[PDB]
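The next block holds one structure in the form of structure tokens; read it before the comments.
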Amino acid sequence: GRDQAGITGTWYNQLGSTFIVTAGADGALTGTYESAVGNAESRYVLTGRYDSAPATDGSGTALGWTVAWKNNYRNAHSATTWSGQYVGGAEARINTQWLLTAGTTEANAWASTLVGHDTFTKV
Amino acid sequence: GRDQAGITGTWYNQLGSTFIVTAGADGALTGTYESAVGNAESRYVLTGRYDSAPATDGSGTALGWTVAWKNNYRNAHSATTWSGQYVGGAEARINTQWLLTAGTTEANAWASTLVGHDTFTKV
Amino acid sequence: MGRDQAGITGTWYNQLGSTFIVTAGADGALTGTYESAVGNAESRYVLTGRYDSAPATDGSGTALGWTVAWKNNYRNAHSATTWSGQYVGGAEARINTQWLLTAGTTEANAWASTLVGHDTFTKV
Amino acid sequence: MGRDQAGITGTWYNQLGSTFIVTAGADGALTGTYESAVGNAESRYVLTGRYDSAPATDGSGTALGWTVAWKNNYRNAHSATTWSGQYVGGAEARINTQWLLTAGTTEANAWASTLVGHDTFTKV
Ligand SMILES: O=C(CCCC[C@@H]1SC[C@@H]2NC(=O)N[C@@H]21)N[C@@H]1CC(=O)[C@H](c2cc(CS)cc(CS)c2)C1=O
Ligand SMILES: O=C(CCCC[C@@H]1SC[C@@H]2NC(=O)N[C@@H]21)N[C@@H]1CC(=O)[C@H](c2cc(CS)cc(CS)c2)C1=O
Ligand SMILES: O=C(CCCC[C@@H]1SC[C@@H]2NC(=O)N[C@@H]21)N[C@@H]1CC(=O)[C@H](c2cc(CS)cc(CS)c2)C1=O
Ligand SMILES: O=C(CCCC[C@@H]1SC[C@@H]2NC(=O)N[C@@H]21)N[C@@H]1CC(=O)[C@H](c2cc(CS)cc(CS)c2)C1=O
């Protein structure tokens, strides 16, 4: 994978959450997420996908991943997906937007989903 | 997994796309996605997560998954994430919202990400 | 004068049973009231927005958006929704939207400030 | 009369270099112009929106939103953006927003009609 080495490792966002990911040659993302906010504690499984053969025109590398907020400690009956791109260079970044959906009744489904944006850096 | 059987299988959305997924007892989602629209053809790997122990109060089951739009045929330098919930009963549904991010230059990153919503049914 | 001024103007209903009453101006203005069937809302709220008053003539819809702040003379939910979408004319006219609802929060909770969803409005 | 009428009113700039000039009314109205540094845009466009004119007094921000349709006397991009966010006062005042930009599309292409993003506005 072109950016397999760039992506693999530990990332931190502006909330102080910690994302540890392995990128596979085949496009796979696997790892763990630890949120510094919300109904969450310790690590949660994450899985996702990335473009393992990106353009070489200066564009970023598209990726996404999911966390369902159940681990051996807690269950927040919810899942977040991050969609974004990896940008390399002196100062690498993963810029994302996310969707967090909670399980709701049918009557409350209109208010099921939060949206936001996280920027991840290596330091 | 509570809804392991409900989720596993073939789903279709309002665009005529086809999602085939296996839910694992541990929360895993694995399968393939085939879009009926956009810069896509044949199947793409998908991975994601679901709440394997949801509430039993009538609420839906939170889940999400990712597709990176590279397979052995095509590469659209982009990834979609779906965030949503599974709703069981007579007429089962997965109601989602999604984020599609394309790799862009830095100058064009403001226009990197589409948002939309897909509803999946079994028929 | 606005191409779809007459199409847009009027009363619309969404899948939740909410009611959207809007006047489109020749200049691109949208003005009206919204009444939500759900949430911390009662009676009508002011809305204002904008639409493309000179759209393409190629089968494309007509881009528009509007905002409601959820304060009126009855209640205040310390929040605002924006709908962004397009109007699609014809037999079965529709306004297809996605929306963002932001509540006022502390700094610490701002990650959790904004709901997203989608509403489809029809005339009947 | 609006609690943050004086805080909101004025000129704001985002991380792209766009310029947002807005007057907040006592009644919850927002009126002004937007000039984008990016995209199919040139010069100023009308904006209208709403804000919570009686917010909580507990550290929470002030919910607001506005719309711009991307048609003026120079150009038409057949599209509209809505910003949904909150104003946060103090030393380093900010309006933190997420936005939806919908273009007019055919029915067949409507799945690809809407961009989403986030803008942070400051006074300097
Ligand atoms: O809280 C959660 C799970 C944690 C989600 C953290 C997010 S992912 C996007 C962003 N990026 C990060 O690095 N961290 C945040 N779910 C839901 C959402 C929520 O508000 C909720 C919740 C419920 C209750 C009991 S009713 C209390 C609280 C406050 S702790 C949160 C959840 O139970
Ligand atoms: O097209 C794609 C990949 C397919 C995405 C299909 C989406 S997932 C959310 C929704 N739900 C579904 O079941 N299907 C749709 N990427 C990007 C997006 C796009 O517009 C773009 C594209 C580029 C070009 C050449 S510049 C042409 C076209 C028209 S085919 C699309 C892509 O290349
Ligand atoms: O509830 C509100 C205001 C109403 C918003 C209705 C939305 S506009 C997008 C969609 N489309 C429609 O036609 N109707 C819905 N704000 C916030 C949102 C919310 O969840 C919340 C809320 C607070 C409380 C007590 S703090 C209780 C409830 C349940 S009534 C909702 C708010 O107080
Ligand atoms: O470009 C426009 C209008 C300008 C929108 C600027 C956005 S509002 C959210 C963000 N925040 C800001 O302060 N500025 C940006 N519409 C659409 C969007 C787009 O990609 C598109 C476009 C079309 C064409 C030819 S068809 C070329 C280009 C590149 S100039 C963009 C449009 O024609």
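Note that the numbers count up from 1, one per residue, in the order the chain is shown.
Heads up, the Cβ atoms here are built off N, Cα and C, so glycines get one too.
What Swiss-Prot annotates here:
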BINDING   B:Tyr33, B:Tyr44, B:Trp82, B:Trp98, B:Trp110  biotin binding site
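Straight from the PDB entry, the features:
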SEQADV    B:1-4  expression tag
*Taking the binding-site residues B:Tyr44, B:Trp82, B:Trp98, B:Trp110, which residues show a Cβ-atom distance to ligand 4 below 6 Å?*
B:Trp110
_Same chain, 6+ residues apart, C-beta under 8 Å of the C-beta of B:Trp98 (biotin binding site), given in sequence order_ = B:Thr80, B:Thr81, B:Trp82, B:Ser83, B:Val115, B:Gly116, B:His117, B:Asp118
*Report the largest Cα to Cα distance, in Å and rounded to a whole number, among the residues B:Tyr33, B:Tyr44, B:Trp82, B:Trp98, B:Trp110 that the record lists as binding biotin.*
27
*With DSSP helix as H/G/I and strand as E/B, how many residues of the expression tag (B:1-4) fall in helix, strand and coil?*
1 helix, 0 strand, 3 coil
*So, in DSSP terms, is B:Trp82 (biotin binding site) helix, strand, or coil?*
strand
_Using CB atoms and a 10 A radius, I'd like the single residue among the binding-site residues B:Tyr33, B:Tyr44, B:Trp82 with the highest neighbour count._
B:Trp82
_Sequence-ordered binding-site residues from B:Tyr44, B:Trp82, B:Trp98, B:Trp110 with Cβ under 6 Å of an atom of ligand 2_ = B:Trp98
*Which of the binding-site residues B:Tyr33, B:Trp82, B:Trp110 have a Cβ less than 8 Å from any Cβ in chain A?*
B:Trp82
*Which of B:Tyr33, B:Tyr44, B:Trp82, B:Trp98, B:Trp110 (binding-site residues) reach within a Cβ distance of under 8 Å of chain D?*
B:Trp110
*Reduce the DSSP letter at B:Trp110 (biotin binding site) to three states and note it down.*
helix
*For B:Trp110 (biotin binding site), just count the other CB atoms lying within 10 A of its CB, please.*
22
